[PDB]
A.B. asks: 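Below you will find the structure I want to go over with you.
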Amino acid sequence: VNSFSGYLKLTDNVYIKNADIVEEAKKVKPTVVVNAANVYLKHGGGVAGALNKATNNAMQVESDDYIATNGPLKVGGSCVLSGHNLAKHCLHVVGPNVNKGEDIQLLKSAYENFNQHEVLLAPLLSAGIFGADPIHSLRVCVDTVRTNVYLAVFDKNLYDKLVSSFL
Ligand SMILES: Cc1c[nH]c2ncnc(NC[C@]3(O)CC[C@H](O)CC3)c12
Ligand SMILES: [Cl-]
């Protein structure tokens with residue numbers, strides 16, 4: 001039993017809710033919140049910009065030190081950093097950004113990072129400003145993640161389309 005509330009159960013392990021991931025994290029304080037990161041951990045917009053804003057830019061400060069030490073992530077890769085005031089940890093995961101020409105096949109590799117964590121709060125990878133089809137992202141999530149994932153979908157209209165089209 002966990003404290004996630006109001007989710008629709010899609011499969012044995014995948015759950016979904018119309019919610020602002022920032023407000024969800026603040027309420028649940030999950031062990032792991034997933035950020036829709038880029039390889040430079042520049043948290044400018046989309047989910048990343050919103051999460052970072054909620055940390056008063058502390059996520060960005062920590063991220064800049066991480067990059068200065070380690071260099072950029074790989075597309076499809078991840079790193080674990082602090083969750084600041086939102087969660088114990090933040091798993092920064094880089095899905096392919098279609099608006100940069102990146103290979104959508106890397107979306108499965110991106111979701112594989114979730115399997116290193118027993119429970120996660122997460123957005124759909126590569127959705128929104130990363131330009132992928134969210135119906136496709138949800139399908140890859142369900143077919144790749146085996147751990148317990150609670151998906152927050154900000155757009156109510158999109159949430160209804162994902163549910164009604166889910167196979
Ligand atoms: C940007 C943002 C702020 N807070 C959030 N909380 C959860 N997801 C988010 N973004 C991606 C998406 O969920 C996928 C599909 C739709 O195009 C739009 C919403 C955000
Ligand atoms: Cl977005």
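Computed over heavy atoms, backbone and side chain alike; hydrogens, waters and symmetry mates excluded. The first residue in the sequence is number 1, and the count goes up from there.
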A.B. asks: Under the 3.5 angstrom rule, does the side chain of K108 hit a backbone N or O of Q105 as a donor-acceptor pair?
C.D. replies: no
A.B. asks: For a quick check under 3.5 Å, do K88 and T31 share a side-chain donor-acceptor pair by atom type?
C.D. replies: no
A.B. asks: Can you list the steps and then say if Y15 with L10 is a side-chain contact (heavy atoms from CB on, under 4.5 Å)?
C.D. replies: CA-CA 6 Å; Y15 294 81; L10 294 176; over 6 Å; no
A.B. asks: Using a 4.5 Å cut-off on heavy atoms from C-beta on, say whether the side chain of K9 contacts that of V14.
C.D. replies: no
A.B. asks: Start with the C-alpha gap between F130 and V98, add the side-chain angles, then the distance that decides, and say whether side-chain contact (heavy atoms from CB on, under 4.5 Å) holds.
C.D. replies: CA-CA 6 Å; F130 283 60; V98 178; over 6 Å; no
A.B. asks: Can you name the closest pair of heavy atoms from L106 and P96 and give their distance?
C.D. replies: C-CD, 3.9 Å
A.B. asks: Do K74 and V39 make a side-chain contact, defined as non-hydrogen atoms from C-beta onward lying under 4.5 Å apart?
C.D. replies: no
A.B. asks: Closest heavy-atom contact between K29 and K26?
C.D. replies: NZ-O, 2.9 Å
A.B. asks: Without swapping roles, check the side chain of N18 against the backbone of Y159 for a donor-acceptor pair under 3.5 Å.
C.D. replies: no
A.B. asks: Taking C-beta and beyond as the side chain, do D64 and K42 meet within less than 4.5 Å on heavy atoms?
C.D. replies: yes
A.B. asks: Is the backbone N or O of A110 less than 3.5 Å from a side-chain atom of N113, with the two atoms forming a donor-acceptor pair by type?
C.D. replies: yes
A.B. asks: Under a single-linkage definition using a 4.5 Å side-chain heavy-atom cutoff for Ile, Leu, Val, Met, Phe, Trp and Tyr, are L120 and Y7 assigned to the same hydrophobic cluster?
C.D. replies: no
A.B. asks: Which heavy atom in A48 sits nearest to a heavy atom in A36, and how many Å separate them?
C.D. replies: CB-O, 3.6 Å
A.B. asks: Keeping the roles fixed (side chain from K17, backbone from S5), state whether a donor-acceptor pair exists under 3.5 Å.
C.D. replies: yes
A.B. asks: Strictly distance-based, threshold 3.5 Å: is any side-chain N or O of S126 a donor or acceptor partner for the main-chain N or O of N97?
C.D. replies: no
A.B. asks: Is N115 reaching over with its side chain to a backbone N or O of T144, donor-acceptor style, under 3.5 angstrom?
C.D. replies: yes
A.B. asks: I want to check something: taking the side chain as every heavy atom from C-beta on, are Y66 and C79 in contact at a cut-off of under 4.5 Å?
C.D. replies: yes
A.B. asks: Using the rule that two of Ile, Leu, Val, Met, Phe, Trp, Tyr join whenever any of their side-chain heavy atoms come within less than 4.5 Å, decide whether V153 and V140 are in one cluster.
C.D. replies: yes
A.B. asks: Answer yes or no: is there a donor N or O on one side and an acceptor on the other, between the side chain of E62 and the main chain of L81, under 3.5 Å?
C.D. replies: no
A.B. asks: Would you say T55 and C90 make side-chain contact, with heavy atoms under 4.5 Å?
C.D. replies: no
A.B. asks: Measure the spacing between CG of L124 and NE2 of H136 and express it to the nearest 0.5 Å.
C.D. replies: 11.0 Å
A.B. asks: Check the pair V34 / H92 against side-chain contact (heavy atoms from CB on, under 4.5 Å), numbers first and verdict last.
C.D. replies: CA-CA 6 Å; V34 173; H92 295 272; over 6 Å; no
A.B. asks: Quick one: does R139's side chain get under 4.5 Å of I135's, heavy atoms only?
C.D. replies: no
A.B. asks: I'd like to know if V33 and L91 are part of one continuous hydrophobic network [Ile/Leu/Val/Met/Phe/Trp/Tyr, side-chain heavy atoms within less than 4.5 Å].
C.D. replies: no
A.B. asks: Under a 3.5 Å threshold, yes or no: a donor from one side chain and an acceptor from the other, between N57 and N52?
C.D. replies: yes
A.B. asks: Distance-only, no hydrogens or angles: does the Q60 side chain make a donor-acceptor pair with backbone N or O of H43 under 3.5 Å?
C.D. replies: yes
A.B. asks: Starting from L8, can I reach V28 by hopping between I/L/V/M/F/W/Y residues whose side chains sit under 4.5 Å apart?
C.D. replies: no
A.B. asks: Please determine, by modelled atom types, if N2 and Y150 share a side-chain donor-acceptor pair under 3.5 angstrom.
C.D. replies: yes
A.B. asks: Walk me through it: do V145 and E112 pass the test side-chain contact (heavy atoms from CB on, under 4.5 Å)?
C.D. replies: CA-CA 6 Å; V145 180; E112 287 171 343; over 6 Å; no
A.B. asks: Considering only NZ, NE, NH1 and NH2 on the basic side and carboxylate oxygens on the acidic side, decide whether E24 and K27 come within less than 4.0 Å.
C.D. replies: no
A.B. asks: Is there a path from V142 to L107 through hydrophobic residues (I, L, V, M, F, W, Y) whose side chains come within less than 4.5 Å of each other?
C.D. replies: yes
A.B. asks: Distance alone, cut at 3.5 Å: any donor-acceptor contact between the side chains of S63 and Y40?
C.D. replies: no
A.B. asks: Only one of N35, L121, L86 forms a side-chain contact (heavy atoms from CB on, under 4.5 Å) with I21, so which one is it?
C.D. replies: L121
A.B. asks: Verify, without hydrogens or angle tests, whether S137 (side chain) and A132 (backbone) share a donor-acceptor contact under 3.5 angstrom.
C.D. replies: no
A.B. asks: Should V119 and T147 count as side-chain neighbours, where that means a heavy-atom distance under 4.5 Å?
C.D. replies: no
A.B. asks: Any side-chain heavy-atom pair from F114 and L125 closer than 4.5 angstrom?
C.D. replies: yes
A.B. asks: Taking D155 for its side chain and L158 for its backbone only, find out whether a donor-acceptor pair lies under 3.5 Å.
C.D. replies: yes
A.B. asks: More than 12 heavy atoms of other residues, nucleotides or ligands under 6.0 Å from CD of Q116: is that the case?
C.D. replies: no
A.B. asks: What's the separation between atom CG in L73 and atom CG in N38, rounded to the nearest 0.5 Å?
C.D. replies: 8.5 Å
